[PDB]
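Structure record follows, encoded as structure tokens.
No Cβ is skipped: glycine too gets one built from the backbone with ideal geometry, and neighbour counts run over all protein chains shown. Rule-based calculations on the coordinates, nothing more; no lab input.
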Amino acid sequence: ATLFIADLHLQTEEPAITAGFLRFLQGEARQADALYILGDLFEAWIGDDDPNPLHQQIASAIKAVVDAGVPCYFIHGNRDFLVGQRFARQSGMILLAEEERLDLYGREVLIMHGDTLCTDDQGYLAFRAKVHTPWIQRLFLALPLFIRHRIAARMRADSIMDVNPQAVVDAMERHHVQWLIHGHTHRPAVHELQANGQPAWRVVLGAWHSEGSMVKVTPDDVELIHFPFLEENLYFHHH
Ligand SMILES: CN(c1ccccc1C(=O)Nc1ccc(S(=O)(=O)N2CCN(c3cc(C(F)(F)F)cc(Cl)n3)CC2)cc1)S(C)(=O)=O
Ligand SMILES: [Mn+2]
Ligand SMILES: [Mn+2]
């Protein structure tokens, strides 16, 4: 089986989510054929030179899954678009483009973070166009670390709408697929539509707010799965 997760929004202020992700990496992830992280792994990112210890802890935990034989892939989200090749090397992850077409046990499946499907939010799209401009990224990354931290703290306070239906059909027909997996919208669901004159499905991941969420693809089915962060130890009413 192949696993997909997204929108964990890891941050030091939310240690329970970090604990849940480490348990996931130590258990379920080790049995997968591959692990895809479709964006928003971190709540924020200001560059791979950030000494934030959470970054090194996450990188080591993912690297252990990679060393165990499970290839791990990453597509950027709107929160962590500055994740670069230095962190990819530390974690063992492979960085993918904003859109990729996968063969999963015969299925042609398109994957993306999903924010590019939100073509009605012109305000966010203008932000995305700016922060994805290469010279703007290079200029920001050249700033001192403490300056970048101050900018990000203010910009987070300065800065979710849903996808546009026609944008979904356009992407699914551009890639000629009947399956699409994405996150960003934080609305876990399975939507049936029509693309390429045939039934098609858009599978949406959930954010790691109170419980975990993943999509598991097998040769036989597609599974949207919700699970608790930590080991809920059972313990023991009247008639
Ligand atoms: C969907 N959302 C939005 C909806 C509408 C609009 C935006 C978003 C949105 O995604 N905003 C957002 C994303 C990441 C962070 S950040 O803290 O991680 N960080 C990243 C690096 N970053 C700069 C800064 C610059 C420069 F200073 F030059 F401007 C350049 C460059 Cl290249 N990167 C500083 C900030 C902070 C805010 S929403 C509800 O916010 O989630
Ligand atoms: Mn998200
Ligand atoms: Mn997002």
Inset, instruction - Identify the residue in the range 85-98 that is over 16 Å from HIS113 (Cβ atoms) and not hydrophobic (A, V, I, L, M, F, W, C) and, among all such residues, is surrounded by the fewest Cβ atoms within 10 Å (Cβ to Cβ). - result: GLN85
Inset, instruction - Quick one: count up the residues across the range 143-166 that are farther than 14 Å from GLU43 by Cβ and of a type outside the set (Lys, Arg). - result: 13
Inset, instruction - Output the residue which, of all residues in the range 65-78 that are buried (at least 17 other Cβ atoms within 10 Å of the Cβ) and in contact with a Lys or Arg (Cβ under 9 Å, 6 or more places away or on another chain), is farthest from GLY20 (Cα to Cα). - result: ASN78
Legend entry - Filter result (within 16 Å of ligand 1 (Cβ to nearest atom) and either touching a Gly at 6+ places or on another chain (Cβ under 9 Å) or part of a helix (DSSP H, G or I) (or both)) within the range 46-80: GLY47, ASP48, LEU54, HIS55, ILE58, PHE74, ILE75, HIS76, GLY77, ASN78, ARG79, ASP80
Legend entry - Neighbours by Cβ (under 8 Å, 6+ apart or cross-chain): first from the range 119-133, under 13 Å from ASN78 (Cα atoms); second part of a loop (DSSP other than H, G, I, E, B) and within 16 Å of ligand 2 (Cβ to nearest atom): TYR124/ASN78; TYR124/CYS118; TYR124/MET161; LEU125/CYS118; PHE127/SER159; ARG128/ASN78; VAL131/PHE81; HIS132/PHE81
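Within the group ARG156, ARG148, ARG174, which residue is loosely packed, with under 13 Cβ neighbours inside 10 Å and within 12 Å of ligand 1 (Cβ to nearest atom)? Walk me through it before giving the result.
Numbers: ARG148 fails: loosely packed, with under 13 Cβ neighbours inside 10 Å; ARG174 fails: within 12 Å of ligand 1 (Cβ to nearest atom).
Only one candidate passes the filter, namely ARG156.
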Inset, instruction - Evaluate the following for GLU231: is it surrounded by fewer than 13 Cβ atoms within 10 Å (Cβ to Cβ) and over 15 Å from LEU117 (Cα atoms)? - result: yes
